[PDB]
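Both blocks below hold the same protein chain, though in two forms, and each is given as structure tokens: structure 1 and structure 2.
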Structure 1
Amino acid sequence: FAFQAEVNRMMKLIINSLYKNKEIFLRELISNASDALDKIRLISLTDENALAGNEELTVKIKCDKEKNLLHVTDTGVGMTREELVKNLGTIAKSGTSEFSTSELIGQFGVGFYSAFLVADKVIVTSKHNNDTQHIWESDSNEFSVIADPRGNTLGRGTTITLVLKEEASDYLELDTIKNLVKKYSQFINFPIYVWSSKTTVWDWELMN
């Protein structure tokens, strides 16, 4: 059906970004975090205390240069364990490959699959209201999900961790992330921060 139409759009956008410095993974990281924040703000209109777990609506990005990791943390609606298992309808549980999705592909396919332009794995730590906090890890093909051993550390929202390839080590430099976040967040209504350094003290720096 239209599942091939959205897949066609996804191939077009991901390969197009391969010419332009493979930056579409970061634009999608910011855009999807913004939509998740929009979702919980819409819910807070009906629910009185929908923000009781985390009363702030932010996007916070931190680089781990020595560990070669990229963290993007938003305080959006989050995802239940049942929502992590569904993901975007294309990732199966580990060991079950030999056994709608079109709407999930059209919205999240570009963001998920373009992350593997620079990352070997994609790890999702999410905390949704009325559910515990879980960790979800995928190799682009299969996934595995467990409950976070640390418990509820986000209050509410989602942290996307990208285990970057060494090929993409230059993305973790402060001046690189900051210029890229500033470019792709100038139209996001929510405040977006990057863990930056000032001389030496470290603190969140507003980028938009």
Structure 2
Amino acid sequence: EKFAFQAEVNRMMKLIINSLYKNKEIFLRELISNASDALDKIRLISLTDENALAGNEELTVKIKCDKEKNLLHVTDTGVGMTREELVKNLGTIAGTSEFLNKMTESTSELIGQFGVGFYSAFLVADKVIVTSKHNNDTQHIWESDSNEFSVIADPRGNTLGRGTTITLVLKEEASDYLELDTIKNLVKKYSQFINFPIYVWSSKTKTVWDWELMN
């Protein structure tokens, strides 16, 4: 169940971390971008497969703060990941050498172009948890504090239907990203041109809670 990161992923985590410590908010842009690609992937698959969306029929991103547990959740109903793709897509790296040299020698935009911005989550988080349900597997949980990771079968079963939740246990100094209005604010900036509905779990007025559409 325990796994080691590949060597180049450890360097990438260090490069990403020590060049973007001044622009930490970019992690939420990269999580929204990753959510959108996964929605695109399942939508393409649904073009040729009648039952692609049966595990869950919406195509959304849902964002939820838990200030009392110190947690931020980003959930998409895209393609999701099998247990094997959790191990490989998150712990390894399939021209990577060229591109860790391109970053050592703005770095903000070209981590977007290689699709490795997932790792920016460690700028604001002490632990990262990925819960994922793919059509060809059971729900699994991937968990890491960057020093190792483990993949386990989710004992709660298939609660996602299909897709992925990223959970971040944020560092103490990142508690500003628990505040409901900063989250809504950053979600606007980084979702203006995403082609899927993106919601924040918010408050309105008696205080009531519901999904508030963002894009």
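For residue numbers, the reference is structure 1: its sequence is counted from 1. Just so we're on the same page, rigid core means the largest C-alpha set that superposes within 1.5 Å between forms.
K.L.:
After aligning the rigid core, which of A119, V110, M79, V124 is the one whose Cα travels 2 Å or more between structures 1 and 2?
P.N.:
The listed residue whose C-alpha shifts by at least 2 Å is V110.
K.L.:
Core-aligned, does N16 move its Cα 2 Å or more between structures 1 and 2?
P.N.:
Shift of 2 Å or more: yes.
K.L.:
Superpose the two forms on the rigid core, then give the C-alpha shift of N141 between structures 1 and 2 in Å.
P.N.:
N141 C-alpha displacement between structures 1 and 2, core-aligned: 3.3 Å.
K.L.:
For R41, tell me the Cα shift between structures 1 and 2 once the rigid core is superposed, in Å to one decimal.
P.N.:
Displacement of the C-alpha, rigid core superposed: 0.1 Å.
K.L.:
Can you give me the Cα shift for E166 between structures 1 and 2? Core-superposed, in angstrom, one decimal please.
P.N.:
Core-aligned C-alpha shift comes out at 1.1 Å.
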